[PDB]
């Protein structure tokens, strides 16, 4: 990596001295040394990059977003200087984009990634990085165009393949997605050994009836992406007790279960009142988890945040649930009514995280036709009774009754998570 232009070679002794302070962990002294070099040599790209790298380390030491914001600007400054070597220009803007993403400055990262592609139009990896930037802002359409361009010049780029396949699968182009995800994982290219691509390749195969799916789940388990073939969540705290079905006593949340079952009819009646008088509060399921049929949800809590308008529609239910922070405070779960109609089949799937358990309270359950499989075990609901499963295990639902089926879904923190972990885990 050639990082020194003509002038920087002449001041290499000063540049090396400041960098040695950084490598020895004397970050404060290293920042001031590179700051002095920037003051004395304001056009040196290596001095500016050293300042930015030191600010980068200082932000890690202080855990300061604001210090990192200064580093992000100094990386940009490197690129504006005259006579910047190409390798240093790429490193500086790539680190700038990376740190922008870390801070959640996704639009800024996109501008930086777009500048990189304009400056280095033949660098396929930079286009791949741009595609990631679009995916992180939710722009699947522009991401798809980026990976199409990559695959036109380098058809066997495994990173582009798995990301192109991921987008196809997200767009419900299930059969089309399989060879891209498969060949991309099989390429072994850097960035392809990723649990997300194992997860969606196996799921796409299950949706088309390809029996090879579980061979890929087994390989993902053996490579450390999944806790097991059955439990395939990717946002995990390791060591939590892993079992598909739970009893109320096993969870320890017996007071919550008792209150749900003692008061189930008020929960039912408010749900029915919304069905009859405010049905627009039930929103269609929006994660492509249905093969067919009608499934809608009316959500009272999500990410540990109460929906005030939603609670106007079920005020007694919300009042009841407020006494149980084990569910209202579960920032990796929801509290919601779930209605499912006949002719509905929910694809086998897994939730995102092993940090929650999922309670189902039966509200209106037809006598026949409704059932839920979790792992290798199938059960059914009962009116006024709570079922508890770990939805990080693969589960699947059928509705073949002659009338609607209404349940109440109550997520709780995994009972073995300490209060310290329940406070510091990012919301999902």
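Numbering follows the first chain given and starts at 1.
Chemist: Out of 185-193 and 213-221, which stretch has the higher average CA B-factor listed in the record?
Modeler: Higher mean C-alpha B-factor: 213-221.
Chemist: Given the B-factors recorded for C-alpha atoms, which segment has the greater mean, 57-65 or 380-388?
Modeler: Higher of the two, by average CA B-factor, is 57-65.
Chemist: According to the deposited entry, which of 251, 296, 233, 74 has the largest Cα B-factor?
Modeler: That would be 251.
Chemist: Kindly indicate the residue among 97, 327, 338, 118 with the greatest C-alpha B-factor in the PDB record.
Modeler: Of the candidates given, the C-alpha B-factor peaks at 118.
Chemist: Divide the modelled residues of the chain into thirds by Cα B-factor and specify which third, lowest, middle or highest, holds residue 243.
Modeler: Tercile = highest for this residue's CA B-factor.
Chemist: Compared with the other modelled residues in the chain, in which third is the CA B-factor of residue 41?
Modeler: According to the entry, residue 41 has a C-alpha B-factor in the chain's highest third.
Chemist: Among the modelled residues of this chain, does the Cα B factor of residue 32 put it in the lowest, middle or highest third?
Modeler: Highest third of the chain for residue 32's C-alpha B-factor.
Chemist: Going by the recorded CA B-factors, say which third of the chain residue 83 sits in, lowest, middle or highest.
Modeler: Highest third, going by the recorded CA B-factors of the chain.
Chemist: Using only modelled residues of the chain, where does the Cα B factor of residue 107 rank: lowest third, middle third or highest third?
Modeler: Residue 107: CA B-factor falls in the middle third of its chain.
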